[PDB]
file work_8.cif (mmCIF, C-alpha atoms)
data_final
#
loop_
_atom_site.group_PDB
_atom_site.id
_atom_site.type_symbol
_atom_site.label_atom_id
_atom_site.label_comp_id
_atom_site.auth_asym_id
_atom_site.auth_seq_id
_atom_site.Cartn_x
_atom_site.Cartn_y
_atom_site.Cartn_z
ATOM 1 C CA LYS L 1 93.467 -94.635 -100.538
ATOM 2 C CA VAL L 2 94.670 -92.776 -103.620
ATOM 3 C CA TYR L 3 92.313 -93.682 -106.465
ATOM 4 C CA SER L 4 93.487 -93.668 -110.024
ATOM 5 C CA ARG L 5 91.507 -91.290 -112.206
ATOM 6 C CA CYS L 6 89.723 -94.100 -113.989
ATOM 7 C CA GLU L 7 89.212 -96.230 -110.879
ATOM 8 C CA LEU L 8 87.433 -93.234 -109.325
ATOM 9 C CA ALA L 9 85.440 -92.591 -112.504
ATOM 10 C CA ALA L 10 84.191 -96.170 -112.452
ATOM 11 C CA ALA L 11 83.287 -96.027 -108.740
ATOM 12 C CA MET L 12 81.471 -92.724 -109.209
ATOM 13 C CA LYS L 13 79.565 -94.138 -112.222
ATOM 14 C CA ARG L 14 78.505 -97.187 -110.214
ATOM 15 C CA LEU L 15 77.236 -94.894 -107.429
ATOM 16 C CA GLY L 16 75.037 -92.863 -109.770
ATOM 17 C CA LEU L 17 76.909 -89.590 -110.281
ATOM 18 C CA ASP L 18 76.889 -89.566 -114.112
ATOM 19 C CA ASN L 19 74.433 -86.763 -115.019
ATOM 20 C CA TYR L 20 73.299 -86.372 -111.385
ATOM 21 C CA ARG L 21 71.291 -83.143 -111.304
ATOM 22 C CA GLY L 22 72.677 -82.391 -114.760
ATOM 23 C CA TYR L 23 76.367 -82.851 -114.020
ATOM 24 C CA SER L 24 78.147 -85.361 -116.257
ATOM 25 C CA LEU L 25 80.603 -87.838 -114.688
ATOM 26 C CA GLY L 26 83.671 -85.836 -115.697
ATOM 27 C CA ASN L 27 82.571 -82.930 -113.488
ATOM 28 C CA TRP L 28 82.826 -85.098 -110.382
ATOM 29 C CA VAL L 29 86.157 -86.673 -111.368
ATOM 30 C CA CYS L 30 87.580 -83.236 -112.171
ATOM 31 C CA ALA L 31 86.293 -81.861 -108.869
ATOM 32 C CA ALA L 32 87.947 -84.702 -106.956
ATOM 33 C CA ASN L 33 91.201 -84.235 -108.842
ATOM 34 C CA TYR L 34 91.543 -80.629 -107.831
ATOM 35 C CA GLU L 35 89.948 -80.879 -104.329
ATOM 36 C CA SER L 36 91.966 -83.879 -103.077
ATOM 37 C CA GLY L 37 94.124 -85.306 -105.866
ATOM 38 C CA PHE L 38 92.013 -88.473 -105.482
ATOM 39 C CA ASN L 39 93.172 -89.078 -101.879
ATOM 40 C CA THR L 40 90.318 -90.288 -99.634
ATOM 41 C CA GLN L 41 92.463 -89.310 -96.634
ATOM 42 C CA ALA L 42 92.823 -85.655 -97.659
ATOM 43 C CA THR L 43 91.923 -83.024 -95.042
ATOM 44 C CA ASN L 44 92.085 -79.251 -94.895
ATOM 45 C CA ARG L 45 91.822 -77.520 -91.512
ATOM 46 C CA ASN L 46 90.237 -74.118 -92.031
ATOM 47 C CA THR L 47 90.963 -71.152 -89.763
ATOM 48 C CA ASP L 48 87.336 -71.070 -88.560
ATOM 49 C CA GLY L 49 87.707 -74.471 -86.800
ATOM 50 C CA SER L 50 85.977 -76.424 -89.583
ATOM 51 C CA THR L 51 87.785 -79.091 -91.595
ATOM 52 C CA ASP L 52 87.235 -80.296 -95.176
ATOM 53 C CA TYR L 53 87.250 -84.133 -95.424
ATOM 54 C CA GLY L 54 88.029 -86.682 -98.052
ATOM 55 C CA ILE L 55 88.085 -87.025 -101.773
ATOM 56 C CA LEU L 56 85.544 -84.184 -102.260
ATOM 57 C CA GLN L 57 86.696 -82.054 -99.302
ATOM 58 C CA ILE L 58 83.324 -81.917 -97.583
ATOM 59 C CA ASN L 59 83.146 -79.298 -94.800
ATOM 60 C CA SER L 60 82.371 -80.075 -91.156
ATOM 61 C CA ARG L 61 80.555 -76.838 -90.353
ATOM 62 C CA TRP L 62 77.581 -77.927 -92.480
ATOM 63 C CA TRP L 63 77.721 -81.507 -93.689
ATOM 64 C CA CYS L 64 79.250 -83.962 -91.199
ATOM 65 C CA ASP L 65 80.019 -84.120 -87.489
ATOM 66 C CA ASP L 66 83.686 -84.220 -86.390
ATOM 67 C CA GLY L 67 82.951 -83.318 -82.760
ATOM 68 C CA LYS L 68 85.281 -80.330 -82.825
ATOM 69 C CA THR L 69 83.737 -77.728 -85.160
ATOM 70 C CA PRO L 70 82.118 -74.796 -83.311
ATOM 71 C CA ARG L 71 78.623 -73.679 -84.336
ATOM 72 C CA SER L 72 78.134 -76.592 -86.729
ATOM 73 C CA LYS L 73 75.443 -78.701 -88.396
ATOM 74 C CA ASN L 74 75.472 -82.277 -89.775
ATOM 75 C CA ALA L 75 73.206 -82.241 -92.825
ATOM 76 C CA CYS L 76 74.485 -85.598 -94.186
ATOM 77 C CA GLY L 77 73.925 -87.368 -90.827
ATOM 78 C CA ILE L 78 77.412 -88.830 -90.648
ATOM 79 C CA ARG L 79 80.610 -88.620 -88.702
ATOM 80 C CA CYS L 80 83.241 -86.885 -90.843
ATOM 81 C CA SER L 81 85.521 -89.938 -90.341
ATOM 82 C CA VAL L 82 83.314 -91.891 -92.778
ATOM 83 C CA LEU L 83 84.534 -89.468 -95.458
ATOM 84 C CA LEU L 84 88.130 -90.629 -94.925
ATOM 85 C CA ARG L 85 87.390 -94.263 -95.818
ATOM 86 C CA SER L 86 88.585 -96.026 -98.965
ATOM 87 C CA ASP L 87 84.982 -96.838 -99.851
ATOM 88 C CA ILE L 88 83.504 -93.632 -101.331
ATOM 89 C CA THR L 89 79.837 -94.613 -100.899
ATOM 90 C CA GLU L 90 79.144 -92.210 -98.036
ATOM 91 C CA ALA L 91 81.091 -89.374 -99.662
ATOM 92 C CA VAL L 92 79.026 -89.751 -102.839
ATOM 93 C CA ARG L 93 75.758 -89.823 -100.906
ATOM 94 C CA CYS L 94 76.699 -86.626 -99.121
ATOM 95 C CA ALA L 95 77.954 -84.967 -102.330
ATOM 96 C CA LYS L 96 74.547 -85.631 -103.886
ATOM 97 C CA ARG L 97 72.913 -83.829 -100.953
ATOM 98 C CA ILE L 98 75.295 -80.878 -101.361
ATOM 99 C CA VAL L 99 74.415 -80.537 -105.064
ATOM 100 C CA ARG L 100 70.618 -80.801 -104.325
ATOM 101 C CA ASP L 101 70.693 -78.321 -101.441
ATOM 102 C CA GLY L 102 72.957 -75.829 -103.301
ATOM 103 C CA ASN L 103 71.251 -76.091 -106.726
ATOM 104 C CA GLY L 104 74.643 -77.044 -108.179
ATOM 105 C CA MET L 105 78.368 -77.741 -107.792
ATOM 106 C CA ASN L 106 79.393 -74.167 -106.821
ATOM 107 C CA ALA L 107 80.072 -75.365 -103.222
ATOM 108 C CA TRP L 108 83.304 -76.791 -104.636
ATOM 109 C CA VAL L 109 85.818 -73.954 -105.008
ATOM 110 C CA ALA L 110 88.257 -76.100 -106.994
ATOM 111 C CA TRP L 111 85.521 -77.197 -109.418
ATOM 112 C CA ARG L 112 84.562 -73.537 -109.923
ATOM 113 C CA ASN L 113 88.161 -72.558 -110.611
ATOM 114 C CA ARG L 114 89.574 -75.510 -112.550
ATOM 115 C CA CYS L 115 86.701 -77.555 -114.014
ATOM 116 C CA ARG L 116 83.564 -75.708 -114.985
ATOM 117 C CA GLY L 117 84.976 -73.881 -118.034
ATOM 118 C CA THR L 118 86.702 -76.981 -119.474
ATOM 119 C CA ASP L 119 85.722 -80.041 -121.431
ATOM 120 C CA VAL L 120 85.203 -82.180 -118.352
ATOM 121 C CA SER L 121 84.813 -85.318 -120.528
ATOM 122 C CA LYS L 122 88.599 -85.339 -120.751
ATOM 123 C CA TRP L 123 88.575 -86.706 -117.176
ATOM 124 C CA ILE L 124 86.837 -89.899 -118.413
ATOM 125 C CA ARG L 125 89.140 -90.401 -121.447
ATOM 126 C CA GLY L 126 90.535 -93.931 -121.447
ATOM 127 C CA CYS L 127 88.377 -95.148 -118.564
ATOM 128 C CA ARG L 128 86.694 -98.508 -118.401
ATOM 129 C CA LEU L 129 83.678 -97.652 -116.244
#

call {"tool": "encode", "arguments": {"input": "work_8.cif", "output": "structure tokens"}}
result
Amino acid sequence: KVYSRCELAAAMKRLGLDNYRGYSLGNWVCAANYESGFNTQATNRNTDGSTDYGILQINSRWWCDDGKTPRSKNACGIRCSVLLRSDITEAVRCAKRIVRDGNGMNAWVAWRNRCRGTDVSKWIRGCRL
């Protein structure tokens, strides 16, 4: 599924991301925009045999099990396929773990590079949440 910006903002608000560990809703929408373009089916195969999955491009070496990543862990206790579903519930739950375990959103390269120095509230402009 390709979410609209505001459809994703509303879903993320419902699932408790607004101000989660100090990150306003627009951070998470911005991160999704640049990580996946709002496509739940996005993947990125890395050279090291890991793959980034879903709307927040969550990596299989650490966070989910895809059964094909050498020397890996599954900290979210999920199959990576659950991160390709239209329903973002499991992706959000895992993203919350990433931001707890990492003491922030720096795990997301695209958020670091495109979001953190901007007015992230722009990503919520117009949205009925």

call {"tool": "closest_residue", "arguments": {"input": "work_8.cif", "among": "L:27, L:36, L:121, L:46", "to": "residue 99 (chain L)", "atoms": "all atoms listed in the file"}}
result
L:27

call {"tool": "resolve_selection", "arguments": {"input": "work_8.cif", "expression": "the PyMOL selection byres ((chain L and resi 40) around 12)", "output": "ChimeraX atom specification"}}
result
/L:1-4,8,32-33,35-39,41-43,52-58,80-92

call {"tool": "residues_around", "arguments": {"input": "work_8.cif", "residues": "residue 105 (chain L)", "least_positions_apart": "6", "cutoff": "10 Å", "atoms": "all atoms listed in the file", "output": "PyMOL selection string"}}
result
chain L and resi 21+23+27-28+31+95-96+98-99+111-112+116

call {"tool": "residues_around", "arguments": {"input": "work_8.cif", "residues": "residue 77 (chain L)", "least_positions_apart": "5", "cutoff": "8 Å", "atoms": "all atoms listed in the file", "output": "VMD selection string"}}
result
chain L and resid 63 to 65

call {"tool": "closest_residue", "arguments": {"input": "work_8.cif", "among": "L:74, L:69, L:51, L:59", "to": "residue 108 (chain L)", "atoms": "all atoms listed in the file"}}
result
L:59

call {"tool": "residues_around", "arguments": {"input": "work_8.cif", "residues": "residue 12 (chain L)", "least_positions_apart": "3", "cutoff": "8 Å", "atoms": "all atoms listed in the file", "output": "list in words"}}
result
residues 8, 9, 15, 16, 17, 18, 25, 28, 29 and 92 of chain L

call {"tool": "atom_distance", "arguments": {"input": "work_8.cif", "atom1": "CA of residue 70 (chain L)", "atom2": "CA of residue 50 (chain L)"}}
result
7.5 Å

call {"tool": "closest_residue", "arguments": {"input": "work_8.cif", "among": "L:14, L:93, L:79, L:73", "to": "residue 129 (chain L)", "atoms": "only C-alpha atoms"}}
result
L:14

call {"tool": "atom_distance", "arguments": {"input": "work_8.cif", "atom1": "CA of residue 97 (chain L)", "atom2": "CA of residue 26 (chain L)"}}
result
18.4 Å
